[PDB]
């Protein structure tokens, strides 16, 4: 006809939390005449329906189902509703839940070796949502950022860098600890310094 109604949001998308590895339903209501066509977006790219991204619409309620497998599934999801009259946009975030766990796929070795006088970097990949409190220990001493020690913590890893390693000062056992509301986990790394 002469007139159609551009898609209108009845219920906007809301933030959703789901256990990592389980299904996540992101839903919203948008109404238009003609009925709106739905597209889902992720990092500026259109999501195409698959087994991982299931898409449901009855013309009013639009739901995206994400079968979470990895931490990277978390984040922004955008639903765009369109018709000849116009288009609307709505976005929300997916929050994952996972007990702190050292990343399988990047197994930690028992012993690590640092050349004398060189910098040693311990790069530990982990799985944990929400991002866990991360802590490093050398013996019974809690590691803190300083001139020769730096610790970069990310939602994907905890990175310890030690400058100018010497056997008397840097050799020994190290403990990396990850903790969140769900639980805690730790690993012990045996560091040895080799003259070279």
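Residue numbers count along the first chain shown, from 1.
Participant: Please compare 162-170 with 52-60 and name the stretch with the higher mean C-alpha B-factor in the deposited structure.
Facilitator: In the deposited entry, the stretch with the higher C-alpha B-factor mean is 162-170.
Participant: Would 75-83 or 102-110 have the larger average of its C-alpha temperature factors, as given in the entry?
Facilitator: Here the higher of the two C-alpha B-factor means belongs to 102-110.
Participant: For the listed residues 154, 135, 65, 146, which one has the largest C-alpha B-factor as given in the deposited model?
Facilitator: Highest CA B-factor of the listed options: 146.
Participant: Among 95, 125, 120, 88, which carries the highest Cα B-factor?
Facilitator: Most elevated C-alpha B-factor of the set, per the entry: 88.
Participant: Ranking every modelled residue in this chain by its Cα temperature factor as given in the entry, which third contains residue 129?
Facilitator: It falls in the bottom third of the chain.
Participant: Using the B-factor values recorded in the entry, state whether the Cα atom of residue 10 falls in the lowest, middle or highest third among the modelled residues of its chain.
Facilitator: Ranked within chain, residue 10 CA B lands in the highest tercile.
Participant: Lowest, middle or highest third of the chain for the C-alpha temperature factor of residue 35?
Facilitator: Highest third - that is where residue 35 ends up once the chain's C-alpha B-factors are sorted.
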